[PDB]
């Protein structure tokens, strides 16, 4: 495992990560108070499957509830107490220790934008009228105000002023706490549209400068005002700008948007396909997460933007053979039977030496997507939903078959 920032100072931890999202939306209901125990038991298997990192659920306890129904998943935490719906503080420490001991770095989902302000019994009690909250200032709509330099969560009544020195420090200290006491190797920043990207850079510089990080910016061009350059920009440009300012990798919602709306050929327009290595190397690619995807359990989870099953294998073959840093969703890997296929693709990635900044060229003249990827050890030819017959049609050199699945709809050859 190589460490190191990118040439532009972006915290992609060497560019060689392969990440497991270590939960789905309904874990707190499907395995009540037992998830950390399960992760501890599974740590050696996760490592053997080839993952270098695991994205853990929000560790801050969440006892919220609403009615569809939900609550408790971590995105409406009420304080930093770790005794929540995934397991106890002791069980978290044991799971993080087992994962780290198996060689899997532990990334915590953190949620600075808001908290369960109204929960009656909590350790963090911030009064009104001291600038701690967005709505201490006038709040006319979903955009920055004088107490919140980002967007708001729903009505904004629970948004924190993360730029207030006491609130900034509160999160700074808790990130340090996760690093010193809970084995954190990095962080996944939730809802980064809600606060300034430079604050993520500051938090990471203060508390985890050499760690991995990734931000979730999910905000399309149409959500920006008419006078903002982002209103007419590409999804790539929007997330890349965030990454530049946070000095942090960013989830590749440009690729996700193309997977949901475009053809397979169009997947080349994700951030991770950009010919500038400074652009593609900061992409964190994924197929679905706990928001976009289904989960086992009530209501099938959230499934706000889910990839149809006829493209799941193709999508994993693309992200696991291509540049950027790939994330595998728990339920594809361990609930729904794609594990053996994903295991094989992870081995292909590692054997070829594909990294976040590997070159990728796209080839015209065939159906579907045809790419050549320059790994540090091998060149890959990847053909998805394509009438390509053999790799010699598009690449020089000697190749052998590495993957052939879904009646040839997923084919990968290696030098």
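Residue numbers count along the first chain shown, from 1.
- In the deposited entry, the stretch joining residue 67 to residue 68 is interrupted by 1 to 3 residues of the deposited sequence lacking coordinates.
- Of the two segments examined, 150-158 and 279-287, it is 150-158 that shows the higher average Cα temperature factor in the deposited entry.
- Between 126-134 and 261-269, the higher mean Cα B-factor belongs to 126-134.
- Within the listed group 215, 293, 118, 326, the record reports its top CA B-factor for 118.
- Of the candidates 166, 321, 314, 113, the one whose C-alpha carries the top B factor in the deposited record is 166.
- Annotation for residue 51: CA B-factor lies in the lowest third of the chain's modelled residues.
- Among the modelled residues of its chain, residue 190 has a C-alpha B-factor that falls in the lowest third according to the deposited record.
- Annotation for residue 393: C-alpha temperature factor in the middle third relative to the rest of the modelled chain, per the entry.
- In the deposited entry, the Cα temperature factor of residue 401 sits in the top third of values across the chain's modelled residues.
- When the modelled residues of the chain are ordered by their C-alpha B factor, residue 15 lands in the middle third.
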